[PDB]
Structures are given as structure tokens and as C-alpha cells.
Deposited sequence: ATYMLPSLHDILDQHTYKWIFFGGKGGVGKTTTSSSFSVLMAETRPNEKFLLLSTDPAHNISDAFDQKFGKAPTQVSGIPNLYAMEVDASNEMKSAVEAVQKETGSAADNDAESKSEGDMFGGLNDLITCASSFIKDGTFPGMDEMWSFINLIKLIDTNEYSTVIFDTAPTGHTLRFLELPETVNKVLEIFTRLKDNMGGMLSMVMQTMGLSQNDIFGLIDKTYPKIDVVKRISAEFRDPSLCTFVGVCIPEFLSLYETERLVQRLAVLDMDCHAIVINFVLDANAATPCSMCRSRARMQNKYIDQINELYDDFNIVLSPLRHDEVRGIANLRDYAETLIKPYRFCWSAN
């Protein structure tokens, strides 16, 4: 057994990556793992530039580094080549460009109603990603820290939506099922305005399609699961691994956090039992994900705050920590 090494060295070594996602439902020290990895990845390659991108509304990355971040990418104090921002002049571009994506959103809703059986995903989920691409210096790799709750695959289901947006585009320009005429009547727009709107938006729909196709490429993009030795935490990563499989997303790495370093030899009786409780859930992962890199991160007394402790935490991601149940 233990075919795969319990380390994130393969991912740190492989410099071909551009997008590294970090997903994990609940409080599993995900933002610690997301932050610490970015630091480690930055100081190991001091020549190349890197981005840390959080979709967490609680701004847990700013508390991890002990430094506030905004929508604009800001250099991390003490770690150059590492920039951090918070997702969810340029306001003048937003008004003019937002008008078209307003008009598009109107055109797809109208066009959908003539075919789509009471169904329409918003263009905001796509428009949000189209804004994100505009602010991507030239960073060697971008590290994604997904939301801890709600819908955490918001950017990873775009290729499903574009396919329907491009379906509408073909049906309009071919005038299939008399959709072009029905849209021209309802919205009161000219054929030049409709073909005009398709022309201006399509290029930005194409870069999304192509960038979303890079996520499906395992040499360009990888996903790292984060969890804890607890029943519900397993169940959530079971679904996540199955959800990335149907999306053609690569996941071969999982980080178990808050692992209690204790066994039968531990004098503390209360620790011996909590270790037995964890062993049951850590084994399941080993048996189930035998083709994954399963990284075990020890329990720390104080929660990780500052570049100093992030760097210290990061040691156990690449150099596997020697627990008591480790033979050597």
C-alpha cells in the first residue's frame, strides 16, 4: 500500500500548472492550506509572479496573512511576487460594457423563453468570470480558494452555459424555428442590432470557453481537496470528487487537517479516544482514495496568523510530518 506519497511535491514541482483550485466544505482549515501553499510556491520560485484568489465572502485570507485585501491585487508584505485580492476609471468601462451584457442578458432570456422549458441560468455568473480574466500582470500560476458554503463550483460549470448561449447564436443567425423574427418583434430590435450584439460579445464568450477548457487539461490545472477526520467532512469530499469527475476536472490530492498526533502510547486518556475516533475516518480515505496524494497536517495549538506561521505550516505539505504511528 501507500503507492502515492503523502505530499504536495508533484504539484509544487510541476511548473506547467496555471490554475490550482482548493475546495473544502465547512471549517477544515482550507484558507490556511490555500494561503500557506501560495507562500511556499512563491518563495521557491522568486523569479515568477503568482496570484492568490479568494471567493470567500468572510475575507478569511486577509486574517490568515494579517493584511487587508480589496478587488485589486495587492502585494503580500514580506513576500514579493505574491498578490492577493477578494472577488465579489474602470467604473467608466463597466457602464459602457455592462450595457451590452445587459442587452445580451435581455436577448438570451427572450431567446430562451421561445425554446428553453422555463429554464435560464444568469449571464452574471459568466460576466463575473469575464471581469476576472481582465485582471489576469502575467501570473505564472493563479491559486483559487473556493467558497466554504453555497455553490463552490460557480466558474467550473460555465462550459455548460456557453454551449446554450452559442446554441441561441446559431439558431438566431440561421433563423431556425423562426426565433430571429420572434426576438425582433418582442424586444423591438433590428436584425443589424441582434447580429451587431452577437459580434461584440462573442469574442469574450470565446476566451471564457478556451480558459474553461484549460481547467479540464490536467497538465495546466489541478484541484486539491481539503477535509478533517469527521463523518460529514468525508461525505462532502465524496460528493466533491464525484462532481469534479463529471466536470472532467483533475483531483489526485487531498489535505486532512487537524490530525491529532496520538495513539495507544499517549498518556492522556482523552487524547487516546479522540485518536481512535480519527483513525476510523483517516483509514476510509486511505482505502478509498488509494490513487490520490493523501497529506496529513498535524493539529497546531494556536490558529495560523502571519507569513511566519503560514511558512511553518507549509513544511508539512511537502515534507510529510513524522506522527507517532509512523514507523520512522
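- Not built in the structure, per the record, are deposited positions 89 to 108, 157 to 158.
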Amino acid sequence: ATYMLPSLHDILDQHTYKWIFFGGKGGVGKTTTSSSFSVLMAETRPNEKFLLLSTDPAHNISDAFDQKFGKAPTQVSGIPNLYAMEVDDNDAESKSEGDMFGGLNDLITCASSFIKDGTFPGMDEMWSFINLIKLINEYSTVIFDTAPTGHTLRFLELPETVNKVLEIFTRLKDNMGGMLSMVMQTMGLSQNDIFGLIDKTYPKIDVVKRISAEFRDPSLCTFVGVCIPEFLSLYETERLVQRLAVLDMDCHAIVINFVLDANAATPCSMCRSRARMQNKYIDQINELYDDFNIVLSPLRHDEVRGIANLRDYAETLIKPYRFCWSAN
From here on, numbers count along this sequence of modelled residues.
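- In this entry, the higher average B-factor at the C-alpha atoms falls on 153 to 161, of the pair 190 to 198 and 153 to 161.
- In this crystal structure, the stretch out of 287 to 295 and 50 to 58 whose C-alpha atoms carry the higher mean B factor is 50 to 58.
- When the Cα B-factors of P203, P218, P229, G122 are read from the PDB record, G122 comes out highest.
- You'll see in the entry that, of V87, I168, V142, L247, the Cα B factor peaks at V87.
- Among all modelled residues in this chain, the alpha-carbon of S212 has a temperature factor (C-alpha) in the middle third.
- When the modelled residues of the chain are ordered by C-alpha B-factor, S77 sits in the highest third.
- When the CA B factors of the chain's modelled residues are split into thirds, the value for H252 lands in the lowest one.
- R274 sits in the lowest third of its chain by CA B factor, as recorded in the PDB entry.
- When the CA B factors of the chain's modelled residues are split into thirds, the value for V304 lands in the highest one.
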